[PDB]
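Q:
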Amino acid sequence: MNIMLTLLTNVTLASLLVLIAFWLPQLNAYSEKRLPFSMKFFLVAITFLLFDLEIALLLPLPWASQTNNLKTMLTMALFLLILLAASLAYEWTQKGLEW
Amino acid sequence: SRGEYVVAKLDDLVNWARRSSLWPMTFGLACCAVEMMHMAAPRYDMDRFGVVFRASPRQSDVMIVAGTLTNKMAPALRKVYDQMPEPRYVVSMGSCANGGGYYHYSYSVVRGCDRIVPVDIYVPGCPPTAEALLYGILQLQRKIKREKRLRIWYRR
Amino acid sequence: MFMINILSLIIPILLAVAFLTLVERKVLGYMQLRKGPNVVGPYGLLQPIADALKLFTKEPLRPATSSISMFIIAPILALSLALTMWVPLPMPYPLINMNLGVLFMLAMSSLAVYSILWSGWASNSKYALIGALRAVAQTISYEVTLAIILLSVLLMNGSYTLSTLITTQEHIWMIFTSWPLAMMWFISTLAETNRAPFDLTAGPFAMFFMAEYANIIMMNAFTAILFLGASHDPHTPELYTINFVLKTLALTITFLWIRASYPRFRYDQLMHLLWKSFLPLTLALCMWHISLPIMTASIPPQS
Amino acid sequence: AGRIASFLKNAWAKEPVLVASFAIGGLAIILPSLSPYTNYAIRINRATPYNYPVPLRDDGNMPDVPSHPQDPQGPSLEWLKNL
Amino acid sequence: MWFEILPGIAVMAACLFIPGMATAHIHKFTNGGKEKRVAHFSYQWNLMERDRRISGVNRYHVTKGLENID
Amino acid sequence: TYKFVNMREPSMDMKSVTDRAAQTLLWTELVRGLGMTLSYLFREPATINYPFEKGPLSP
Amino acid sequence: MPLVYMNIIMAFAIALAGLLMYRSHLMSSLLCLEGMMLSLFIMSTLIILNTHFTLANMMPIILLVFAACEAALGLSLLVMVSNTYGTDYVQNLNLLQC
Amino acid sequence: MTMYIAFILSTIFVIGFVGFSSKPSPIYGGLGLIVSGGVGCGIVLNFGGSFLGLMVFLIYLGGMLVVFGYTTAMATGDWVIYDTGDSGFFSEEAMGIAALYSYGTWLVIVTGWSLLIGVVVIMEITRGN
Ligand SMILES: CCCCCCCCCCCCCCCCC[C@@H](O)O[C@H](CO[C@H](O)CCCCCCCCCCCCCCC)COP(=O)(O)OCC[N+](C)(C)C
Ligand SMILES: CCCCCCCCCCCCCCCCC[C@@H](O)O[C@H](CO[C@H](O)CCCCCCCCCCCCCCC)COP(=O)(O)OCC[N+](C)(C)C
Ligand SMILES: CCCCCCCC/C=C\CCCCCCCC(=O)O[C@H](COC(=O)CCCCCCC/C=C/CCCCCCCC)COP(=O)(O)OCCN
Ligand SMILES: CCCCCCCC/C=C\CCCCCCCC(=O)O[C@H](COC(=O)CCCCCCC/C=C/CCCCCCCC)COP(=O)(O)OCCN
Ligand code: SF4
Numbered sequence: 001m002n003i004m005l006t007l008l009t010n011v012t013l014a015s016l017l018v019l020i021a022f023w024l025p026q027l028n029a030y031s032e033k048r049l050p051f052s053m054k055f056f057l058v059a060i061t062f063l064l065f066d067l068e069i070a071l072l073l074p075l076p077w078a079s080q081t082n083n084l085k086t087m088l089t090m091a092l093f094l095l096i097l098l099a100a101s102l103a104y105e106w107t108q109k110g111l112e113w
Numbered sequence: 041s042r043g044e045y046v047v048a049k050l051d052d053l054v055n056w057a058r059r060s061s062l063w064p065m066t067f068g069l070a071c072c073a074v075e076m077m078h079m080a081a082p083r084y085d086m087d088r089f090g091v092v093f094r095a096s097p098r099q100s101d102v103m104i105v106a107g108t109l110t111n112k113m114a115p116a117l118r119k120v121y122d123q124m125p126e127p128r129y130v131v132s133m134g135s136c137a138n139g140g141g142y143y144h145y146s147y148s149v150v151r152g153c154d155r156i157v158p159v160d161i162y163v164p165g166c167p168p169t170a171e172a173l174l175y176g177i178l179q180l181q182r183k184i185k186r187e188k189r190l191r192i193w194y195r196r
Numbered sequence: 001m002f003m004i005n006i007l008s009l010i011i012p013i014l015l016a017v018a019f020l021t022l023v024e025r026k027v028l029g030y031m032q033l034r035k036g037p038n039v040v041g042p043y044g045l046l047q048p049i050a051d052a053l054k055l056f057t058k059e060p061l062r063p064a065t066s067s068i069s070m071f072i073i074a075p076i077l078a079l080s081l082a083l084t085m086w087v088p089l090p091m092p093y094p095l096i097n098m099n100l101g102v103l104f105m106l107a108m109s110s111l112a113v114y115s116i117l118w119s120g121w122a123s124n125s126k127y128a129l130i131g132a133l134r135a136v137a138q139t140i141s142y143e144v145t146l147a148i149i150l151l152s153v154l155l156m157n158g159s160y161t162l163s164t165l166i167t168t169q170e171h172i173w174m175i176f177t178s179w180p181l182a183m184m185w186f187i188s189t190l191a192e193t194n195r196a197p198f199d200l201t217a218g219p220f221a222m223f224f225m226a227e228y229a230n231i232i233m234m235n236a237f238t239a240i241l242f243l244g245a246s247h248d249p250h251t252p253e254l255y256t257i258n259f260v261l262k263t264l265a266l267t268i269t270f271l272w273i274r275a276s277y278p279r280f281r282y283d284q285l286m287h288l289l290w291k292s293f294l295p296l297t298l299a300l301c302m303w304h305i306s307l308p309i310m311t312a313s314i315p316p317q318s
Numbered sequence: 002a003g004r005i006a007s008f009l010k011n012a013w014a015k016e017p018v019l020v021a022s023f024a025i026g027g028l029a030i031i032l033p034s035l036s037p038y039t040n041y042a043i044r045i046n047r048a049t050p051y052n053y054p055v056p057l058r059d060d061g062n063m064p065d066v067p068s069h070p071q072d073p074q075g076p077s078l079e080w081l082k083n084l
Numbered sequence: 001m002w003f004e005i006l007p008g009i010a011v012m013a014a015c016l017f018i019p020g021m022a023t024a025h026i027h028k029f030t031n032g033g034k035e036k037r038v039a040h041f042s043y044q045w046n047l048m049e050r051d052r053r054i055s056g057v058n059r060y061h062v063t064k065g066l067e068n069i070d
Numbered sequence: 037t038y039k040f041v042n043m044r045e046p047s048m049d050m051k052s053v054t055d056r057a058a059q060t061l062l063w064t065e066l067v068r069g070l071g072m073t074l075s076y077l078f079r080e081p082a083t084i085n086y087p088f089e090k091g092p093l094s095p
Numbered sequence: 001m002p003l004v005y006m007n008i009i010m011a012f013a014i015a016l017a018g019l020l021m022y023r024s025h026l027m028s029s030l031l032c033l034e035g036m037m038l039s040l041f042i043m044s045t046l047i048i049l050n051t052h053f054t055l056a057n058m059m060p061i062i063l064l065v066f067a068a069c070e071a072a073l074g075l076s077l078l079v080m081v082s083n084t085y086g087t088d089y090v091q092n093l094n095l096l097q098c
Numbered sequence: 001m002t003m004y005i006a007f008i009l010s011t012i013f014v015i016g017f018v019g020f021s022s023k024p025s026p027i028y029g030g031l032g033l034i035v036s037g038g039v040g041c042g043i044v045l046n047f048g049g050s051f052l053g054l055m056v057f058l059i060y061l062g063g064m065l066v067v068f069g070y071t072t073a074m075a076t123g124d125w126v127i128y129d130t131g132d133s134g135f136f137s138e139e140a141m142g143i144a145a146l147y148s149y150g151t152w153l154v155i156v157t158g159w160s161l162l163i164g165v166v167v168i169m170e171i172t173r174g175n
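Chains as they are written, first to last, in the authors' numbering: chain j, 1 to 33, 48 to 113; chain C, 41 to 196; chain s, 1 to 201, 217 to 318; chain U, 2 to 84; chain S, 1 to 70; chain B, 37 to 95; chain k, 1 to 98; chain m, 1 to 76, 123 to 175.
Written out as structure tokens, the structure reads:
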């Protein structure tokens, strides 16, 4: 309720400010007179998406550190980060990060 | 009455706002651009008057034509002027822009930038000193201060 | 009195970003052996008001053929996100006390790119579309390392609550525990807001400017809270507010300093910078900060 | 031996970021298996009571189960205090 | 000189002074002179609801001491 | 008479390599540039107060 | 089964029908697939949270990640098709036929 | 009752799906999908899944639909089913999700292998030739 009211107020303030900005200079009369598709941009977007997925996997780490299974949790976290590094290394070596 | 008092004070406020922040885009055609950059230098510091350095064409109030306008260049200058939002002002700097100057009798030079766009202030000199261009900018500010739009709207 | 609190959070931020333009101009001028605006207002103070009034009275250049819907939508989203990102910040008491404040900040920052995408798309220009694509790629590339560094740092805090960051830094600052992550975070925040040396790119223009400057101030405040932990005594929070504001101001002036000091990168140069220097070190330090509390038996409390 | 040292010296030049990253990652992997404080961290995690300790029904055959928290029977946290 | 930059900065600081300070004062005004209660984990919420029920005025911040034990 | 502007050879001993790596990983020259700009901030500007002050001229 | 589950299932069905309509613009096919995934995630999260099945809270995340991977795959394929024809029109895919 | 706020959110979810399933001008379909995703995240957040809702809002919207829009721009009855008891001194969804590294080792292994294979697959497919 508080957060929804805050977001509503933010949006309303922005909308009112934009409307007055667009309509204050509209009341006064005036004169009033392709293909390329670079692939590397798509590749960097896809790499960002995959790294974002691995970040999503890494996110529960702060709570993962209180489990009484510290060896297993540490091993799995290090394995996930090692796999992230391996993905980065494979993309690096196969000329995936060039321009 | 209060009806004209309100529009007079609104005119004063709007004129102060418009002249207190003039954002120029400069056509650095020739040697007068050098004196423009010297007017932007630390000694004269155009920015201290609210006149920013090298604004974008879509957000510029005043156009400074500093150099010789050739026949090959006139359409580009006219297009850039047309792209500018209103209210818009033009300052003609130097003899070349004012009337052709040293190249007046030439086959490839426009005899004055006022054949293409209307001009508000003419700054004379070959080139005008940075102080001269600053004086022209302040004269344009005074000209803006003199103007009255809400009053014209009210009495019409 | 919640609406009063929301307004007292929103309006002062807008005033601060209005006068940050003046501060930047004066700082750059004095670092350039000149002055900034000193004619409008006693000390150039009335310059932002004149700028705003002139901008709001100038004819707006609608493309006359582009999508009007997105042309209006982009500034709304930009400014709404810029104002929304301020609510979880504890100074020292947050307006909205979220459990996962950090994740909400990250989500809003990720949302901030739709404004760039839509503005570039609705520019109806191929060159502006290319520029928008480059900007979006840079944004996403750097928020990757932002998120990774953020989780690595928060591993020492115990949760995603920003209020707990004050308790974590009661005795020492977080800058000492991890300065390399702090340097990388600072550079990533520079690249996030499109500030030099990463600045490769009427009314709506002013509103976009307000959104960017609010994002800059917010990012510097987030850095101050995350890495420079002020001391908060519960019986006088004004001391913490003073300290936090001073640190945020110092960081923003450091942003201006950096802008005035360096040339700018190329696109491929900053792409390579990130993907070949920050990401490997970020991963290595993430592994190190996962291992360290377990190795030293210093795991933060909350779970 | 000599080849490894030469390669490391050449890598520390013109590639310092990768050398630092690999060193940090290797240390992060190796050190936990050699640290003697990790068992202390596991014990600290084991000593945090999140749930209510449900009492056991006494049947006269539990000498090691305390009848009261202040009684000496049961686990002690003197080591945690000394840490 | 350089101190001519100080005024604007000062103004900016004053603006950044307003939000946080305001929040604090409001949290004092709407909570009976104390900090707003932090309620995570659903146990603190249970404590707040119990306080609201036992207050007698439907306000959690109205604390009841030993004088209410009779 | 001619001069060479960029004809230097870095020393390849361990100390110099470590110094270059420290410069890379700690951004020493960047702080040097920052410090020079900071020093430039704390000196008097060269701006005159036109139109109340005028630039020097000659007969 | 309350109305919220019905609404999410109906949203999934609408997204499936939109995917099967295939007016044009294979990008729209991918969008409909991902709307189907979003509905699946939403109602699976509702079911798991309602029943307080703690160990199952990991299932949505996993699903999300895997589905997003597929999107990347699909996106790549889309790009390839465009690189042959210049557009992602569905009717350009008629070289192979029954 | 707030006129069945959960029902209202689900209804807006349905209208968003109807709007984007018509597939008009895929940019507009992406807009409808963004609105629907925001509404669904709101549903999850209001239900009590703060972490999963924020995961929607962050991962889905900020990365995945962003990549979708980027690629596109390149081209041409409630409240009754709720529980009664409390959670304790933690949030149950956070504990269950964190159990992925202790309980769900197999899931971590298979998901990581799938993600690395997906990186390799994307690179090979995009290699061209
Ligand atoms: C057996 C024959 C193997 C050869 C066949 C190869 C086929 C593929 C190999 C992949 C299968 C891996 C099997 C591992 C199964 C995981 C479960 C088992 O290991 O026990 C776990 C033990 O965890 C171990 O630490 C797992 C470590 C192994 C993972 C690290 C590397 C995995 C890489 C394998 C392939 C991935 C891609 C290729 C990389 C080179 C559980 O830990 P624990 O805490 O007691 O119990 C939790 C339950 N509690 C909470 C009630 C207590
Ligand atoms: C709170 C609601 C906000 C809604 C919008 C309101 C906009 C903000 C209000 C604040 C306006 C600030 C005005 C301050 C201007 C004073 C500047 C003054 O010094 O100008 C001098 C006086 O000139 C004019 O007389 C000043 C006119 C300013 C406006 C007159 C009164 C307008 C008040 C009406 C406000 C009501 C607004 C209702 C609709 C929004 C001349 O200086 P100038 O020539 O430059 O420079 C010469 C340089 N020298 C001196 C170094 C050589
Ligand atoms: C075994 C531990 C695993 C965990 C740690 C890893 C954490 C993350 C680090 C890895 C991230 C990805 C790395 C990807 C590797 C790609 C390397 C590469 O291709 O770069 C080569 C060049 O780099 C190389 O030569 C390969 C790597 C060189 C060695 C790096 C360090 C190796 C180990 C050194 C430290 C060993 C341990 C420390 C010893 C000291 C005791 C503490 C080409 O560079 P370009 O910029 O494309 O071309 C130059 C012209 N533009
Ligand atoms: C014994 C156990 C210890 C545990 C491990 C600790 C190891 C720590 C030692 C190493 C860590 C240092 C890493 C810190 C970050 C390094 C990143 C880096 O070096 O990148 C640079 C590049 O970095 C930059 O250039 C960024 C500059 C951006 C311009 C702005 C200047 C910023 C400086 C102003 C001050 C910064 C303030 C930082 C802290 C702020 C905190 C709020 C490399 O790029 P290139 O030189 O071009 O070469 C790469 C190709 N071979
Ligand atoms: S106006 Fe005079 S000084 Fe300026 S470019 Fe022309 S000839 Fe040179």
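By construction, the Cβ of each residue, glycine as well, lies at the ideal position given by its N, Cα and C atoms.
(1) Name the chain s residues whose beta carbon is nearer than 9 Å to that of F68 (chain m)?
(2) I need the straight-line Cα distance from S82 (chain k) to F66 (chain k), nearest angstrom please.
(3) What is the DSSP secondary structure of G68 (chain C), counted as helix, strand or coil?
(4) So for residue 206 (chain s), helix, strand or coil by DSSP?
(5) Measuring straight from C-alpha to C-alpha, what distance separates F65 (chain j) and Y160 (chain s)?
(6) Kindly identify the DSSP beta-bridge partner or partners of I43 (chain U).
(7) Taking the CB atoms as reference points, tell me whether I309 (chain s) and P33 (chain U) lie closer together than 7 Å.
(8) State yes or no: is the C-beta of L28 (chain U) nearer than 6 Å to some heavy atom of ligand 2?
(9) Which of helix, strand or coil does DSSP assign to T110 (chain C)?
(10) Hey, would you say the C-beta of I69 (chain j) is under 6 Å away from at least one heavy atom of ligand 4?
(11) Do you know whose CA, among j:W23, j:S31, j:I60 and j:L7, lies nearest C69 (chain k)'s CA?
(12) Run through DSSP, which three-state label would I104 (chain C) get?
(13) Kindly examine ligand 2 and report whether one of its heavy atoms sits closer than 6 Å to the Cβ of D52 (chain C).
(14) Buried or exposed, going by whether 16 or more other CB atoms sit within 10 Å of the CB of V260 (chain s)?
(15) Runs of 4 residues minimum, wholly inside the region 10 to 60 of chain S: which ones carry the alpha helix (DSSP H) assignment?
(16) If you reduce the DSSP assignment to three classes, tell me which class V66 (chain U) lands in.
(17) To the nearest angstrom, report how far apart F89 (chain C) and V17 (chain s) are at their CA atoms.
(18) Could you check which residue in j:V58, j:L88, j:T12 and j:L5 has the C-alpha nearest to that of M169 (chain m)?
(19) Select from k:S44, k:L38 and k:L55 the residue whose C-alpha is nearest the C-alpha of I59 (chain m).
(20) Interface residues of chain j around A144 (chain m) at Cβ under 9 Å?
(21) At a CB-CB cut-off below 8 Å, which residues of chain s make contact with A73 (chain m)?
A: Quick answer:
(1) Per Cβ cutoff of 9 Å: no residues; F68 (chain m) is ~11 Å from chain s at best.
(2) 25 Å
(3) strand
(4) No atoms are given for residue 206 (chain s), which sits in the stretch of chain s between 201 and 217 that the model skips.
(5) 21 Å
(6) Looking at the DSSP assignment, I43 (chain U) forms no beta bridge with any residue, so it has no partner.
(7) yes
(8) no
(9) strand
(10) no
(11) j:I60
(12) strand
(13) yes
(14) buried
(15) 43 to 55
(16) coil
(17) 21 Å
(18) j:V58
(19) k:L38
(20) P74, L75, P76, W77, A78, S79, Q80, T81 and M87
(21) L117, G120, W121, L129, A132 and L133
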